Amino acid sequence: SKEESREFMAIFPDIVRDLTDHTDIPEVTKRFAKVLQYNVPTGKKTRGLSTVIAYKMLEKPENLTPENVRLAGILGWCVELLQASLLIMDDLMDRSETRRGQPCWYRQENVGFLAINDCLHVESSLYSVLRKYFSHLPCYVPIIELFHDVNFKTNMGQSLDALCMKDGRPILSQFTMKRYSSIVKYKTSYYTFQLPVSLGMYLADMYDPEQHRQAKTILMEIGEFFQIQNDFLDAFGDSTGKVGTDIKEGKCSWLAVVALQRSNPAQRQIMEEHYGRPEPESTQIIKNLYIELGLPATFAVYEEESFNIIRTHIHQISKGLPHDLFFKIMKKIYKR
């Protein structure tokens, strides 16, 4: 919706003012405004907007006031602040050139490893936003605890991802489907899928842990498909205006994991020799192996089977959770 998008985007400048406008240190508050402006509001705010839509589908219709929808928007921006902090740090760790076509924050003049402090600063800032707008509401402490717990879990995911590499070289013995599933769950699914929905639930005063658990079961399955589709399109997508670098980066990708499952010893040796190498010819060799191993056909089967399995699980959801929310998430990911 155009109206939902514009109402959401209009909140961002107020949050920057809340975090910057400490009158004894104006130079560093002006700098922090630039950190937020560069890293937080550009490109798609899918997670932030999903927080608002989750709330709108969980709350009683008569309680959906402009005031409460704006509170859902502020929680959405707190998700975007967490994500901005994570991506500032990840770009430094991976020594990436760009994100969404923008030069990475750490590459800007006189940032570099100061990006680590900026990461911690941006993550810390969301709790000041929560205090300003939520400190008098019953959802305050549950929402604080959710953000701190998702941060902790996301760090476990990032560190597990790092345990698949040694001295900038992929450890292919670590590239198992069990490890892949765990990386996706902790590194991406918690902050991308669980956090927006659990925030919507708390703002709607839904505190039943069993409701959050039932939601989690579905959201982790959808999150797994989301990342697998993302991994698939990195190699096999139409260059969306993005050029995929997962192979060059030596990522523990669904493609790399399934390639190792399906590979004979000779095919395994091609992965060992060429995976995670900077040479364009090495990326071409890996892509050619993925084609040879029939990974496109394997993804097509997984895409249809996973859709049916998740649809079945959503029909089985109970304890008064709305099915339409989970069907709508399923539709926007699978695009059907």
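Numbers for residues come from their place in the sequence shown, where the first is 1.
In this entry, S239 and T240 are separated by 1 to 3 residues of the deposited sequence that lack coordinates. When 211 to 219 is weighed against 226 to 234, 211 to 219 comes out higher, by mean CA B-factor as recorded in the entry. For the pair 38 to 46 and 272 to 280, the mean Cα B-factor is higher in 272 to 280. Among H148, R169, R131, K251, the highest C-alpha B-factor recorded in the PDB entry belongs to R169. In the PDB entry, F32 places in the lowest third of its chain by CA B-factor.
When the modelled residues of the chain are ordered by C-alpha B-factor, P265 sits in the highest third. Looking at the C-alpha B-factors along this chain, the one for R179 belongs to the middle third. In the deposited entry, the Cα temperature factor of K185 sits in the bottom third of values across the chain's modelled residues. The deposited CA B-factor of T98 belongs to the middle third of values across its chain.
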